[PDB]
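Just the one chain here, laid out as structure tokens, in the form deposited in one PDB entry.
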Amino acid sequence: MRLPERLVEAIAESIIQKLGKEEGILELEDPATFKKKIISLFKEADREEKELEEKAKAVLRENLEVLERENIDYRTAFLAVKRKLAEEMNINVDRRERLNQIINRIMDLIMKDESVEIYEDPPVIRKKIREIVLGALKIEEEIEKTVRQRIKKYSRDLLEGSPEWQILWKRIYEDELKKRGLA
């Protein structure tokens, strides 16, 4: 479940533009700081997902001999362990359900930010943030679909998921953003 920097910034800006400037259901006394706070929420949520991965790999690393004796493939055990740790860490694995958590964290920020005022029922504000996030995710998904088509020709030369593979994915992703005018 990727949330690249450009997607996060598009969501934060769209929240400020649509709900703050256009509709006016949010009053932001410091839009620049509010945007930084939203970006920090996504960064923290990303760090949690990375921590979930390292804890899952730690379990399997410690149970190498057991997995062999059990005849359970690493990939099977990884998905199962991740499902369990995700519940214990209250991290939704589905990116859409995970975004609902992040959206609620944005609502938590909005509600506690002394530099923000709201003029509409919070659950209605959440529904509107969900619509903004879902619209941006539709764009992210059509971009990722092209990135997967373009990185296929390099799939066998790099270990999928490795740091070198992540760099190439990001490089192809940035190139798609330029071709599409999305910075």
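Residue indices: 1-based, along the sequence shown.
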query	finding
Mean temperature factor over C-alpha atoms, higher-scoring stretch between 124-132 and 110-118	110-118
Which of 64-72 and 152-160 has higher mean CA B factor, as the PDB entry lists it	152-160
C-alpha B-factor winner, where the candidates are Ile39, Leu137, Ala32, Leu26	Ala32
CA B-factor ranking of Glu51, expressed as a third of its chain	middle
B-factor third for the C-alpha atom of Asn104 within its chain	lowest
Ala80 by Cα B-factor - lowest, middle or highest third of the modelled chain	middle
Among modelled residues of the same chain, the CA temperature factor third for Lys57	lowest
Cα B factor band for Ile15 (lowest, middle or highest third within the chain)	lowest
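There is another form of this protein, the form deposited in another entry, and it is not shown here; the text below is about that form.
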item	value
Rigid-part membership shared by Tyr74 and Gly20 between the shown form and the other one	yes
